[PDB]
(Lines of atoms letter the chains of each structure in order from A and count residues from 1; the text may use other names and numbers.)
(Lines give C-alpha, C1' and ligand atoms only; values in the text may rest on other atoms or scores of the structure.)
Protein backbone atom coordinates (compact mmCIF):
# COMPACT_ATOMS: atom_id res chain seq x y z
CA UNK A 1 0.00 0.00 0.00
CA UNK A 2 1.07 3.66 -0.11
CA UNK A 3 0.59 7.33 0.89
CA UNK A 4 -0.62 10.15 -1.48
CA UNK A 5 -1.95 13.71 -1.46
CA UNK A 6 -5.69 14.02 -1.13
CA UNK A 7 -8.35 15.74 -3.11
CA UNK A 8 -9.07 19.09 -1.55
CA UNK A 9 -5.60 19.41 -0.06
CA UNK A 10 -3.14 22.01 -1.28
CA UNK A 11 -0.50 20.74 -3.76
CA UNK A 12 2.82 19.61 -2.15
CA UNK A 13 5.02 22.70 -1.94
CA UNK A 14 8.15 21.90 -4.00
CA UNK A 15 10.97 23.19 -6.20
CA UNK A 16 11.76 21.19 -9.36
CA UNK A 17 13.90 20.84 -12.43
CA UNK A 18 12.07 20.94 -15.79
CA UNK A 19 13.58 21.05 -19.27
CA UNK A 20 12.39 24.68 -19.59
CA UNK A 21 13.88 25.55 -16.17
CA UNK A 22 13.64 25.43 -12.43
CA UNK A 23 10.27 26.43 -11.04
CA UNK A 24 8.15 26.07 -7.94
CA UNK A 25 4.89 24.20 -7.43
CA UNK A 26 2.16 24.96 -7.09
CA UNK A 27 3.56 28.56 -7.01
CA UNK A 28 4.67 29.01 -10.60
CA UNK A 29 1.00 28.54 -11.58
CA UNK A 30 -0.80 30.07 -8.61
CA UNK A 31 0.99 33.42 -9.10
CA UNK A 32 -0.22 33.41 -12.76
CA UNK A 33 -3.78 32.38 -11.72
CA UNK A 34 -3.61 29.37 -14.09
CA UNK A 35 -4.75 25.84 -13.31
CA UNK A 36 -2.47 22.94 -14.22
CA UNK A 37 -2.76 19.29 -15.03
CA UNK A 38 0.30 17.34 -13.83
CA UNK A 39 0.81 13.90 -15.55
CA UNK A 40 3.45 11.30 -14.78
CA UNK A 41 5.43 8.54 -16.59
CA UNK A 42 7.79 5.68 -15.78
CA UNK A 43 10.60 6.28 -18.30
CA UNK A 44 11.00 8.32 -21.51
CA UNK A 45 11.08 6.57 -24.87
CA UNK A 46 8.02 4.54 -23.88
CA UNK A 47 5.44 4.12 -26.65
CA UNK A 48 2.26 4.49 -24.62
CA UNK A 49 3.59 7.65 -23.03
CA UNK A 50 4.72 8.80 -26.47
CA UNK A 51 1.11 8.55 -27.76
CA UNK A 52 -0.04 10.41 -24.63
CA UNK A 53 2.35 13.32 -25.19
CA UNK A 54 1.39 13.53 -28.85
CA UNK A 55 -2.25 13.56 -27.78
CA UNK A 56 -1.64 16.30 -25.17
CA UNK A 57 0.36 18.28 -27.75
CA UNK A 58 -2.55 18.37 -30.17
CA UNK A 59 -4.88 19.65 -27.51
CA UNK A 60 -2.41 22.18 -26.16
CA UNK A 61 -4.26 25.43 -27.17
CA UNK A 62 -7.45 23.81 -25.94
CA UNK A 63 -5.91 23.75 -22.49
CA UNK A 64 -4.44 27.27 -22.83
CA UNK A 65 -7.87 28.65 -23.73
CA UNK A 66 -9.33 27.31 -20.52
CA UNK A 67 -6.59 28.89 -18.41
CA UNK A 68 -4.78 25.57 -17.93
CA UNK A 69 -1.06 24.77 -18.20
CA UNK A 70 0.39 21.28 -18.80
CA UNK A 71 3.36 19.59 -17.12
CA UNK A 72 4.67 16.04 -17.54
CA UNK A 73 6.93 14.04 -15.25
CA UNK A 74 9.27 11.06 -15.73
CA UNK A 75 12.20 9.64 -13.77
CA UNK A 76 14.91 10.38 -16.34
CA UNK A 77 17.31 13.31 -16.90
CA UNK A 78 16.34 16.55 -18.71
CA UNK A 79 18.68 15.35 -21.46
CA UNK A 80 16.62 12.15 -21.90
CA UNK A 81 13.54 14.45 -22.15
CA UNK A 82 15.06 16.71 -24.82
CA UNK A 83 16.23 13.75 -26.97
CA UNK A 84 12.78 12.16 -26.70
CA UNK A 85 11.07 15.45 -27.65
CA UNK A 86 13.36 15.62 -30.63
CA UNK A 87 12.52 11.96 -31.52
CA UNK A 88 8.82 12.71 -31.54
CA UNK A 89 9.05 15.87 -33.69
CA UNK A 90 11.41 14.13 -36.12
CA UNK A 91 9.55 10.81 -36.39
CA UNK A 92 6.00 11.98 -35.77
CA UNK A 93 5.99 15.65 -36.85
CA UNK A 94 4.53 17.01 -33.60
CA UNK A 95 6.49 19.44 -31.42
CA UNK A 96 5.85 19.03 -27.64
CA UNK A 97 5.44 22.51 -26.16
CA UNK A 98 4.88 21.68 -22.48
CA UNK A 99 7.62 21.30 -19.85
CA UNK A 100 8.62 17.99 -18.26
CA UNK A 101 9.74 17.80 -14.67
CA UNK A 102 12.91 15.74 -14.48
CA UNK A 103 13.05 13.36 -11.58
CA UNK A 104 15.89 10.88 -11.52
CA UNK A 105 16.16 9.09 -8.20
CA UNK A 106 12.37 9.34 -8.27
CA UNK A 107 12.41 11.96 -5.47
CA UNK A 108 9.35 13.83 -6.84
CA UNK A 109 7.51 10.63 -7.67
CA UNK A 110 8.18 9.51 -4.10
CA UNK A 111 7.30 12.90 -2.51
CA UNK A 112 4.01 12.75 -4.42
CA UNK A 113 3.52 9.07 -3.63
CA UNK A 114 3.53 7.75 -7.16
CA UNK A 115 6.62 5.78 -6.09
CA UNK A 116 6.48 3.46 -3.03
CA UNK A 117 8.47 0.28 -3.83
CA UNK A 118 9.88 -0.41 -9.37
CA UNK A 119 9.04 2.65 -11.49
CA UNK A 120 6.89 0.64 -13.27
CA UNK A 121 3.89 2.27 -11.58
CA UNK A 122 3.64 6.13 -11.91
CA UNK A 123 0.99 6.76 -14.60
CA UNK A 124 -0.82 9.34 -12.40
CA UNK A 125 -2.65 12.56 -13.26
CA UNK A 126 -3.19 15.53 -10.87
CA UNK A 127 -5.57 18.34 -11.72
CA UNK A 128 -4.75 21.28 -9.46
CA UNK A 129 -6.79 24.50 -9.32
CA UNK A 130 -5.53 28.15 -9.21
CA UNK A 131 -5.73 28.31 -5.44
CA UNK A 132 -3.29 25.40 -5.93
CA UNK A 133 -5.67 22.84 -4.38
CA UNK A 134 -5.95 19.30 -5.88
CA UNK A 135 -9.27 18.73 -7.60
CA UNK A 136 -9.08 15.34 -9.25
CA UNK A 137 -6.72 12.39 -9.52
CA UNK A 138 -6.54 9.69 -12.20
CA UNK A 139 -4.34 6.60 -11.99
CA UNK A 140 -4.30 4.80 -15.36
CA UNK A 141 -1.95 1.91 -15.52
CA UNK A 142 1.22 1.89 -17.52
CA UNK A 143 -0.28 -0.47 -20.14
CA UNK A 144 -3.29 1.84 -20.84
CA UNK A 145 -2.95 5.19 -22.58
CA UNK A 146 -5.12 7.93 -21.10
CA UNK A 147 -8.21 9.29 -22.84
CA UNK A 148 -6.95 12.95 -23.00
CA UNK A 149 -10.28 14.45 -24.05
CA UNK A 150 -11.95 13.41 -20.73
CA UNK A 151 -9.26 15.33 -18.95
CA UNK A 152 -10.49 18.38 -20.94
CA UNK A 153 -14.05 17.61 -19.93
CA UNK A 154 -13.14 17.44 -16.26
CA UNK A 155 -11.30 20.83 -16.10
CA UNK A 156 -13.90 22.66 -18.19
CA UNK A 157 -16.69 21.26 -15.95
CA UNK A 158 -14.88 21.97 -12.67
CA UNK A 159 -14.23 25.57 -13.79
CA UNK A 160 -17.87 25.89 -14.74
CA UNK A 161 -19.16 24.54 -11.40
CA UNK A 162 -16.82 26.85 -9.46
CA UNK A 163 -17.99 29.92 -11.48
CA UNK A 164 -21.73 29.28 -11.23
CA UNK A 165 -21.81 27.43 -7.88
CA UNK A 166 -23.18 24.20 -9.33
CA UNK A 167 -22.47 20.50 -9.05
CA UNK A 168 -22.26 18.54 -12.35
CA UNK A 169 -23.82 15.19 -13.24
CA UNK A 170 -22.88 11.75 -14.77
CA UNK A 171 -21.79 12.25 -18.37
CA UNK A 172 -22.62 16.11 -18.52
CA UNK A 173 -23.45 17.92 -21.02
CA UNK A 174 -25.24 14.77 -22.28
CA UNK A 175 -26.66 13.60 -18.98
CA UNK A 176 -29.73 11.45 -19.50
CA UNK A 177 -31.84 12.83 -16.69
CA UNK A 178 -31.05 16.61 -17.14
CA UNK A 179 -28.84 17.05 -20.26
CA UNK A 180 -26.73 20.21 -20.04
CA UNK A 181 -28.27 20.96 -16.66
CA UNK A 182 -26.06 21.77 -13.69
CA UNK A 183 -27.11 20.87 -10.10
CA UNK A 184 -27.93 23.18 -7.18
CA UNK A 185 -26.09 22.31 -3.96
CA UNK A 186 -28.44 20.51 -1.61
CA UNK A 187 -29.96 22.49 1.21
CA UNK A 188 -28.16 21.87 4.51
CA UNK A 189 -31.22 22.89 6.64
CA UNK A 190 -34.92 21.87 6.59
CA UNK A 191 -36.22 25.52 6.29
CA UNK A 192 -33.92 25.75 3.24
CA UNK A 193 -35.12 22.43 1.74
CA UNK A 194 -38.76 23.44 2.29
CA UNK A 195 -38.54 26.94 0.80
CA UNK A 196 -36.61 25.45 -2.12
CA UNK A 197 -39.68 23.42 -3.24
CA UNK A 198 -42.41 26.08 -2.80
CA UNK A 199 -40.11 28.68 -4.44
CA UNK A 200 -40.74 27.13 -7.87
CA UNK A 201 -37.58 28.80 -9.29
CA UNK A 202 -35.59 25.61 -9.95
CA UNK A 203 -36.65 22.35 -11.60
CA UNK A 204 -36.85 19.85 -8.78
CA UNK A 205 -37.32 16.06 -8.55
CA UNK A 206 -37.28 16.32 -4.75
CA UNK A 207 -35.91 18.79 -2.20
CA UNK A 208 -32.38 17.40 -2.86
CA UNK A 209 -32.43 17.21 -6.64
CA UNK A 210 -32.79 20.63 -8.14
CA UNK A 211 -31.00 21.89 -11.26
CA UNK A 212 -31.10 24.69 -13.84
CA UNK A 213 -29.25 25.51 -17.09
CA UNK A 214 -27.01 28.60 -16.39
CA UNK A 215 -24.14 27.34 -18.56
CA UNK A 216 -23.94 29.38 -21.77
CA UNK A 217 -24.21 27.82 -25.19
CA UNK A 218 -20.51 28.18 -25.89
CA UNK A 219 -19.43 26.37 -22.71
CA UNK A 220 -21.84 23.56 -23.56
CA UNK A 221 -20.80 23.15 -27.22
CA UNK A 222 -17.07 23.38 -26.37
CA UNK A 223 -17.60 20.50 -23.87
CA UNK A 224 -19.41 18.46 -26.56
CA UNK A 225 -16.68 19.32 -29.09
CA UNK A 226 -14.26 17.53 -26.68
CA UNK A 227 -16.32 14.30 -26.65
CA UNK A 228 -17.16 14.17 -30.34
CA UNK A 229 -13.46 14.41 -30.99
CA UNK A 230 -12.86 11.42 -28.71
CA UNK A 231 -15.60 9.53 -30.50
CA UNK A 232 -14.47 10.46 -34.04
CA UNK A 233 -12.58 7.81 -36.00
CA UNK A 234 -9.68 9.99 -37.14
CA UNK A 235 -9.36 11.32 -40.70
CA UNK A 236 -5.66 10.88 -41.47
CA UNK A 237 -3.30 8.79 -39.35
CA UNK A 238 0.08 10.47 -38.60
CA UNK A 239 2.12 7.27 -39.17
CA UNK A 240 1.89 6.91 -42.99
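Numbering follows the first chain given and starts at 1.
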Checklist line | Size class of the missing deposited segment between residue 144 and residue 145 | finding: none
Notebook entry, point to check: So 133-141 or 101-109, which one's hotter by mean CA B-factor in the entry?
Noted result: 101-109
Next item on the list: Determine, for stretches 192-200 and 50-58, which one has the higher mean CA B-factor as deposited.
Entry: 192-200
Next item on the list: Just say lowest, middle or highest third for the CA B-factor of residue 181 relative to the other modelled residues in its chain.
Entry: middle
Next item on the list: Quick one: classify residue 85 as lowest, middle or highest third of the chain based on its Cα B-factor.
Entry: lowest
Item checked: Chain-relative CA temperature factor third for residue 187 -> highest
Margin query: Please say which third, lowest, middle or highest, residue 159 falls into when its CA temperature factor is compared across its chain.
Written below: middle
Notebook entry, point to check: Lowest, middle or highest third: where is residue 29 by C-alpha B factor in its chain?
Noted result: middle
